[PDB]
Amino acid sequence: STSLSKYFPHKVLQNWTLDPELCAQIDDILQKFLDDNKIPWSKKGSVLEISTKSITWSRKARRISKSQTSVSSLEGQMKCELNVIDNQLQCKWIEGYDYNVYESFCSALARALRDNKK
RNA sequence: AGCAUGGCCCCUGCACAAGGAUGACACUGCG
């Protein structure tokens, strides 16, 4: 009953159920989301890799960029894999130490899924 | 899939704050 991770993030796979019309539009939704926020990504087979060096989708990030700030970046690096298995969209966190960037990306992705579907 | 704690995506906001909305959530505590 060891606890060497008594406060580490214990959720690393995020899943979203997808109806037929989501399953059909998942590709255009994903491309829009990723390219409208300038998010680096590449195809690694049946899987997408996202490698970010800084948060670029946050409202805070928009405030920092659209404003001339002394530091024009909110850094924090993270890698994650996007997949579709069993009519579910999965995002697995595969690299990084800051969980908040990965959960921030997940929250924005979830918002994208609710918006471009309704 | 309760209550507390917390942050996340979105809105207001020069910064720090403080709100608002909302859905997906989560470290641990009551247990």
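Residues numbered from 1 in each chain as written, not as in the entry; some residues may be left out. Chains lettered and ligands numbered in written order. Heavy atoms only, no water.

S.K.: Can you lay out the pairing of strand β1 (residues 13-17) for me, pointing to particular residues and giving the numbers?
M.R.: With burial as the criterion, only one face of β1 is covered, namely that bearing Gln14 and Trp16; the residues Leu13, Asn15 and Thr17 on the opposite face remain uncovered. Where β1 lies against strand β5 (residues 88-95), five bridges are found, and the strand directions are antiparallel. The residue bridging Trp16 from the neighbouring strand is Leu89, located in β5. (Buried < 20%, exposed > 50% of the residue type's maximum accessible area, 1.4 Å probe, protein only. Helix = DSSP H or I, 4+ residues; strand = E, 2+ residues; numbered from the N terminus. Pairing = 2+ DSSP bridges.)

S.K.: How would you sum up the protein's contact with RNA strand B? Please name residues and give values.
M.R.: Among the 20 residues in the neighbourhood of RNA strand B, the closest are listed as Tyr7, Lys11, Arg59, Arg62 and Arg63. Take the atoms of RNA strand B that sit within 4 Å of the protein: sugar and phosphate atoms are 81% of them. The side chain of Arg59 places a nitrogen or oxygen atom 2.4 Å from a phosphate oxygen of RNA strand B. Side-chain polar atom of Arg63 to a phosphate oxygen of RNA strand B: 2.3 Å apart, as the coordinates give it. Contributing elements (two or more residues each) for the surface near RNA strand B: β1, α2 (59-66) and α3 (99-115). Ranked by residue count, the leading element in the surface near RNA strand B is α3, at seven residues. Residue classes in the surface near RNA strand B are distributed as five nonpolar, seven polar and eight charged. (Near = heavy atom within 4 Å. Polar contact = N/O pair within 3.5 Å; in protein donor to acceptor, adjacent residues only side chain to side chain. Nonpolar A, V, L, I, M, F, W, Y, C, P; charged D, E, K, R; others polar.)

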